[PDB]
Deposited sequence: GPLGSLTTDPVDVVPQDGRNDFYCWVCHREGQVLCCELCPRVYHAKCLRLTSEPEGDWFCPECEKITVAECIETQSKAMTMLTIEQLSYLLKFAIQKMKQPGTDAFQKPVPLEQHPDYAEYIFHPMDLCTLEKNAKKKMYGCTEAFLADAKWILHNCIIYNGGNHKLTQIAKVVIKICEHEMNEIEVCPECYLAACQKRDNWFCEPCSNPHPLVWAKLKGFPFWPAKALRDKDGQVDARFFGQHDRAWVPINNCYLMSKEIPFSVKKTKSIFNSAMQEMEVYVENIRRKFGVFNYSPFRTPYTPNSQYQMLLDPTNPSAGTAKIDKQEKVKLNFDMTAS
């Protein structure tokens, strides 16, 4: 049965109906070039469609099976199920809220989410977040937007959003971070992240993994403390023997980070057989291949075809 409350603003009124799911939307809340005809898939269903399409799925998703994703979603639910999320951990009981089903046509809770994930019902992170969002929508409808429960539901979704985003950035990093085995941060990924010197305004030059590029910013994960930041691409250099010098007050901390990095370099060398340090102050460029070149003096020869076409919880 279709919902009566707009998925965007959580209010009733004249609402559009999705063909593919029970969500409904005020035309106005969608900021359209014009209202639809006849075939309309909502923005949630559009997103999920674009994502679960083999040829336009994300690096993360192309890497992942449904089953592998379900294992990762299990970790994400554990993050969502923090202390103080009591109200949303099990289905709302009718004994306490006898009129709940007059307002809420599509109940959801964290336990249901977990069971659904285990049953391999989610084909992508997008589908998981969209389903989790019923918790927040429902809470706002029934309790009110300013109710204290809504604060808690908002945090649950913000946690979900963060976790989904992290899976999408790199599922292998995510799994590593979840299990926290020793030197998890030194374990190379199947498509290894470039090592850079990264300088954030206000901070000393520091070793990091470059996880992605977006609009001239690099998603840098720093050795040592395992902090993170977007770093301007022009402030990122490929890793070199010579260190770009910064005054600092944290000498043992820097040493620890450099130690960690050298383990990582040893691991990359072990797993892929190469690692190329670059000349001092070599700009990092998007999707940099340099560190993996067979012969760094011959970029046209590229990386070594060493894959055997082969394919940890």
In sequence order, the deposited-sequence ranges that have no modelled C-alpha atom: 1-18, 330-334, 337-339
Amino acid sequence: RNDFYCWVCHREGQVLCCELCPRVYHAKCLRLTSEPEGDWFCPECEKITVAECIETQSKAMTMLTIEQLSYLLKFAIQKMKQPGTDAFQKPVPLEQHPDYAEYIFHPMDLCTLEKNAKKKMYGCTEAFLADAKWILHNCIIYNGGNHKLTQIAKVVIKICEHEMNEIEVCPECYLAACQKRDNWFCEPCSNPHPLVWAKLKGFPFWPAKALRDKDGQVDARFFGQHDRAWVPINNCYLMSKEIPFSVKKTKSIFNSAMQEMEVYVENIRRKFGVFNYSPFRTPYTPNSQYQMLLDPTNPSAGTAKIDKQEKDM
From here on, numbers count along this sequence of modelled residues.
Note whether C45 lacks coordinates in a third or more of the other compared entries that model its flanking residues. no
Counting only other entries that model residues on either side, is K248 absent from the coordinates in at least a third? yes
May I ask you to compare 230-238 and 175-183 by their mean CA B factor in the entry and name the higher one? 175-183
Going by the mean C-alpha B-factor recorded in the entry, which is higher: 192-200 or 221-229? 221-229
If you check the C-alpha B-factor for each of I253, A60, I268, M261 in the entry, which is highest? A60
Residue selected from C29, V50, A257, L69 by maximal Cα B factor: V50
In terms of the CA temperature factor given in the entry, to which third of its chain does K148 belong: lowest, middle or highest? middle
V169: CA B-factor among chain residues, third -> middle
Comparing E19 with the other modelled residues of its chain, is its CA B-factor in the lowest, middle or highest third? highest
Using the B-factors in the PDB entry, rank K133's C-alpha atom against the chain and give the third, lowest, middle or highest. lowest
Looking at the entry's B-factor column for C-alpha atoms only, identify whether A208 ranks in the lowest, middle or highest third of its chain. lowest
